[PDB]
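Peer 1: Input: one structure, supplied below.
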Amino acid sequence: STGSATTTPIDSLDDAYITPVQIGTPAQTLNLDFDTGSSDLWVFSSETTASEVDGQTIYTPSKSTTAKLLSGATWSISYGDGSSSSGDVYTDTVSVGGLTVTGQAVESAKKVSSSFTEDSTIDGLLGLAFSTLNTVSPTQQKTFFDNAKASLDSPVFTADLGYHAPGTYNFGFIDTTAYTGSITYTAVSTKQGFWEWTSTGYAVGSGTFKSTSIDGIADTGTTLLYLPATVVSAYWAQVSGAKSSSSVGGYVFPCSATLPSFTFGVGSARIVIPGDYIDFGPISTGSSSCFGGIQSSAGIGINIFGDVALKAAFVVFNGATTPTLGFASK
Ligand SMILES: CC(C)C[C@H](NC(=O)C[C@H](O)[C@H](CC1CCCCC1)NC(=O)CC[C@H](O)[C@H](Cc1ccccc1)NC(=O)OC(C)(C)C)C(=O)O
């Protein structure tokens with residue numbers, strides 16, 4: 001089997017991308033953020049405390065004939081941005097893009113923190129890192145990818161994220177029309193539970209490529225590209241009005257600049273980020289300062305290839321028993 005689904009940015013800055021998923025029988029359709037940096041499928045539900053629910057769509061397990069309470073199990077997750085949720089667990093049928101798994105754990109939120117209440121576009125998360133990071137206790141639960149691989153025509157999914165535009169998640173096949181040249185695969189370490197890998201170096205604009213190892217994770221669930229302090233200072237030293245601003249938390253630059261490109265290495269291949277991608281947007285509507293898309297990971301402790309970098313490429317998540325990551329230009 002395969003599945004294919006359109007993914008769309010939640011806003012005009014491509015802050016994050018939602019993809020409809022159908023849970024339950026008959027299907028209730030909720031728009032989830034597919035997050036390669038975490039391993040829980042959780043949703044807003046009829047369980048959720050009501051004054052924490054805003055305009056999201058809720059899962060109502062009492063309405064689905066295939067839902068079953070997983071007795072005893074609870075969950076509690078907090079993410080890199082500070083936000084957090086917890087609750088209890090059902091198993092149900094969940095389909096994405098045509099592809100259906102029965103008995104997927106769907107984690108039902110009792111409580112969500114502020115940032116989730118405040119974002120009306122996102123009805124919960126679907127985690128696609130490795131299932132060792134799943135928060136359900138006492139027995140951790142598989143991600144939708146892990147439950148799907150038995151039936152997939154190949155044990156992969158693709159991410160094809162758009163710049164200010166819709167794109168695609170595919171499961172179980174690689175669409176040869178969606179990229180150009182050939183895919184280069186690199187090894188993944190799953191020792192910390194992420195799709196973690198080491199990039200072979202970087203170039204800024206049209207200067208030299210510097211071979212230096214950057215160990216990072218490919219994370220559809222993080223908006224920006226977070227890289228070590230000195231590589232990030234090397235990029236913005238090429239943008240004449242850029243400075244680091246403690247007030248806004250990052251490098252800003254005049255929205256009128258043309259930014260140089262940024263290249264990252266994958267084995268012997270190179271992925272080029274166009275500079276307009278790194279112009280994240282204006283720090284407020286109307287302002288003449290813009291927010292950069294490459295910022296220092298010193299404060300987070302790990303380098304993150306977020307959607308800035310991933311939407312410049314077609315990305316293969318190869319979930320074979322030794323997993324790899326594939327990059328192609330598109
Ligand atoms: C629990 C663990 C086992 C794994 C867990 N992993 C992570 O936290 C990384 C994971 O990818 C999480 C997953 C996201 C959590 C927040 C909701 C959206 C999903 N990423 C994150 O926690 C990273 C947060 C994102 O980078 C936000 C995304 C966003 C912004 C605005 C509006 C909507 C969405 N961007 C964002 O704040 O961009 C600005 C600052 C330029 C505005 C952890 O390490 O804590």
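We label chains A, B, ... in the order they appear in the structure tokens, count residues from 1 in each chain, and number ligands from 1 in the order shown.
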Write out as a PyMOL selection string each polymer residue (protein, DNA or RNA) that has an atom no more than 7 Å from ligand 1, with only C-alpha atoms and all ligand atoms counted.
Peer 2: chain A and resi 15-16+33+35-39+77-81+83+119+125+133-134+219-224
Peer 1: May I have the residues within 12 Å of residue A:118 as a PyMOL selection string, using only C-alpha atoms and disregarding those fewer than 6 positions away in the same chain?
Peer 2: chain A and resi 51-56+83+112
Peer 1: Restrict the selected residues to N, CA and C atoms and save them as a short mmCIF file (atom, residue, chain, number, x, y, z; two decimals), in the first residue's frame.
Peer 2:
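Saved to selection33.cif:
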data_model
loop_
_atom_site.label_atom_id
_atom_site.label_comp_id
_atom_site.auth_asym_id
_atom_site.auth_seq_id
_atom_site.Cartn_x
_atom_site.Cartn_y
_atom_site.Cartn_z
N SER A 51 -12.13 25.23 28.51
CA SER A 51 -11.63 26.65 28.29
C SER A 51 -10.19 26.64 27.70
N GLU A 52 -9.62 25.47 27.48
CA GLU A 52 -8.28 25.34 26.72
C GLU A 52 -8.60 25.02 25.26
N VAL A 53 -9.91 24.90 24.92
CA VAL A 53 -10.16 24.65 23.46
C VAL A 53 -10.65 25.91 22.82
N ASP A 54 -10.05 26.30 21.71
CA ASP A 54 -10.34 27.55 20.94
C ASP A 54 -11.01 27.11 19.61
N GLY A 55 -10.44 27.41 18.51
CA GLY A 55 -11.23 27.08 17.27
C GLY A 55 -10.79 25.74 16.68
N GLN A 56 -10.05 24.89 17.39
CA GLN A 56 -9.60 23.65 16.78
C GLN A 56 -10.73 22.67 16.52
N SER A 83 6.04 24.25 25.14
CA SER A 83 4.52 23.99 25.24
C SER A 83 4.38 22.56 25.64
N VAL A 112 -4.10 21.14 27.43
CA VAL A 112 -3.04 21.61 26.54
C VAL A 112 -2.54 22.96 27.04
#
Peer 1: Excluding stretch 317-323 of chain A and its own-chain neighbours fewer than 2 positions away, which residues fall within 10 Å of it when counting only C-alpha atoms? Please give them as a list in words.
Peer 2: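 Selected residues are residues 36, 128, 129, 130, 145, 146, 149, 154, 155, 156, 157, 158, 159, 171, 172, 185, 186, 187, 188, 189, 190, 195, 218, 315, 325, 326 and 327 of chain A.
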Peer 1: Would you save the residues of that selection, restricted to N, CA and C atoms, as a PDB file, in the first residue's frame?
Peer 2:
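The new file result-v6.pdb reads:
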ATOM      1  N   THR A  36       8.729  15.259  12.459  1.00  0.00           N
ATOM      2  CA  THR A  36       9.812  14.272  12.485  1.00  0.00           C
ATOM      3  C   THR A  36      10.714  14.464  13.774  1.00  0.00           C
ATOM      4  N   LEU A 128       6.836  11.458  13.867  1.00  0.00           N
ATOM      5  CA  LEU A 128       7.428  10.546  12.920  1.00  0.00           C
ATOM      6  C   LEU A 128       9.000  10.383  13.205  1.00  0.00           C
ATOM      7  N   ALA A 129       9.370  10.722  14.425  1.00  0.00           N
ATOM      8  CA  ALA A 129      10.734  10.228  14.905  1.00  0.00           C
ATOM      9  C   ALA A 129      10.632   8.840  15.338  1.00  0.00           C
ATOM     10  N   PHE A 130      11.637   8.270  16.105  1.00  0.00           N
ATOM     11  CA  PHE A 130      11.646   6.878  16.322  1.00  0.00           C
ATOM     12  C   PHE A 130      10.846   6.576  17.600  1.00  0.00           C
ATOM     13  N   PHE A 145       4.074   5.668  11.263  1.00  0.00           N
ATOM     14  CA  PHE A 145       4.967   5.024  10.363  1.00  0.00           C
ATOM     15  C   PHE A 145       5.379   3.670  10.670  1.00  0.00           C
ATOM     16  N   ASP A 146       5.725   3.444  11.962  1.00  0.00           N
ATOM     17  CA  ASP A 146       6.073   2.079  12.346  1.00  0.00           C
ATOM     18  C   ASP A 146       4.955   1.072  12.194  1.00  0.00           C
ATOM     19  N   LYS A 149       4.586   0.155   8.362  1.00  0.00           N
ATOM     20  CA  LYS A 149       5.639  -0.409   7.430  1.00  0.00           C
ATOM     21  C   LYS A 149       5.340  -1.791   6.998  1.00  0.00           C
ATOM     22  N   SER A 154       7.123   0.030   0.244  1.00  0.00           N
ATOM     23  CA  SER A 154       8.551   0.175   0.649  1.00  0.00           C
ATOM     24  C   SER A 154       8.581   0.941   1.946  1.00  0.00           C
ATOM     25  N   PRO A 155       9.548   0.709   2.874  1.00  0.00           N
ATOM     26  CA  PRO A 155       9.430   1.314   4.217  1.00  0.00           C
ATOM     27  C   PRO A 155      10.043   2.687   4.257  1.00  0.00           C
ATOM     28  N   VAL A 156       9.441   3.605   3.582  1.00  0.00           N
ATOM     29  CA  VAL A 156       9.844   4.999   3.474  1.00  0.00           C
ATOM     30  C   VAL A 156       8.709   5.967   3.533  1.00  0.00           C
ATOM     31  N   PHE A 157       8.971   7.150   3.952  1.00  0.00           N
ATOM     32  CA  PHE A 157       8.099   8.229   3.588  1.00  0.00           C
ATOM     33  C   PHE A 157       8.945   9.387   3.030  1.00  0.00           C
ATOM     34  N   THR A 158       8.378  10.222   2.254  1.00  0.00           N
ATOM     35  CA  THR A 158       8.965  11.472   1.728  1.00  0.00           C
ATOM     36  C   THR A 158       8.426  12.696   2.247  1.00  0.00           C
ATOM     37  N   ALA A 159       9.219  13.768   2.532  1.00  0.00           N
ATOM     38  CA  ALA A 159       8.692  15.065   2.716  1.00  0.00           C
ATOM     39  C   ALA A 159       9.076  16.029   1.595  1.00  0.00           C
ATOM     40  N   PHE A 171       3.741   8.238   1.520  1.00  0.00           N
ATOM     41  CA  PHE A 171       4.204   6.990   2.280  1.00  0.00           C
ATOM     42  C   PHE A 171       4.377   5.888   1.369  1.00  0.00           C
ATOM     43  N   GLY A 172       5.514   5.207   1.412  1.00  0.00           N
ATOM     44  CA  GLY A 172       5.689   3.929   0.762  1.00  0.00           C
ATOM     45  C   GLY A 172       6.104   3.862  -0.629  1.00  0.00           C
ATOM     46  N   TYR A 185      21.944   9.468  -0.168  1.00  0.00           N
ATOM     47  CA  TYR A 185      21.547   8.978   1.189  1.00  0.00           C
ATOM     48  C   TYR A 185      22.760   9.158   2.174  1.00  0.00           C
ATOM     49  N   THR A 186      22.438   9.460   3.343  1.00  0.00           N
ATOM     50  CA  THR A 186      23.544   9.499   4.445  1.00  0.00           C
ATOM     51  C   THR A 186      23.071   8.781   5.624  1.00  0.00           C
ATOM     52  N   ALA A 187      23.944   8.305   6.450  1.00  0.00           N
ATOM     53  CA  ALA A 187      23.612   7.392   7.628  1.00  0.00           C
ATOM     54  C   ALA A 187      22.885   8.174   8.660  1.00  0.00           C
ATOM     55  N   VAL A 188      22.035   7.460   9.423  1.00  0.00           N
ATOM     56  CA  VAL A 188      21.247   8.108  10.527  1.00  0.00           C
ATOM     57  C   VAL A 188      21.688   7.473  11.818  1.00  0.00           C
ATOM     58  N   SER A 189      21.871   8.310  12.821  1.00  0.00           N
ATOM     59  CA  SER A 189      22.091   7.608  14.142  1.00  0.00           C
ATOM     60  C   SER A 189      20.752   7.718  14.933  1.00  0.00           C
ATOM     61  N   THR A 190      20.309   6.567  15.523  1.00  0.00           N
ATOM     62  CA  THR A 190      18.986   6.714  16.272  1.00  0.00           C
ATOM     63  C   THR A 190      19.256   6.705  17.769  1.00  0.00           C
ATOM     64  N   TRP A 195      15.876  11.461  13.751  1.00  0.00           N
ATOM     65  CA  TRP A 195      16.428  11.293  12.446  1.00  0.00           C
ATOM     66  C   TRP A 195      17.780  12.222  12.447  1.00  0.00           C
ATOM     67  N   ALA A 218      17.003  16.187  11.315  1.00  0.00           N
ATOM     68  CA  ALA A 218      16.021  16.727  10.295  1.00  0.00           C
ATOM     69  C   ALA A 218      14.636  16.711  10.969  1.00  0.00           C
ATOM     70  N   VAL A 315      13.008  15.147   0.482  1.00  0.00           N
ATOM     71  CA  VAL A 315      13.696  14.402   1.604  1.00  0.00           C
ATOM     72  C   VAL A 315      13.084  13.058   1.801  1.00  0.00           C
ATOM     73  N   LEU A 325      18.780   8.724   5.637  1.00  0.00           N
ATOM     74  CA  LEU A 325      18.111   9.968   5.087  1.00  0.00           C
ATOM     75  C   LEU A 325      18.557  10.243   3.694  1.00  0.00           C
ATOM     76  N   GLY A 326      17.667  10.552   2.739  1.00  0.00           N
ATOM     77  CA  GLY A 326      17.977  10.843   1.366  1.00  0.00           C
ATOM     78  C   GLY A 326      17.747  12.307   1.098  1.00  0.00           C
ATOM     79  N   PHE A 327      18.650  13.050   0.453  1.00  0.00           N
ATOM     80  CA  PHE A 327      18.346  14.424  -0.050  1.00  0.00           C
ATOM     81  C   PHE A 327      18.502  14.498  -1.555  1.00  0.00           C
TER      82      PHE A 327
END
Peer 1: Looking at only C-alpha atoms, which of A:132, A:143, A:252, A:289 is the one that sits closest to residue A:192?
Peer 2: A:132
Peer 1: Assign secondary structure with DSSP using the backbone only, and return the residues of stretch 120-212 of chain A in strand (DSSP E or B) as a ChimeraX atom specification.
Peer 2: /A:124-127,137,156-160,167-171,184-187,189,196-204,210-212
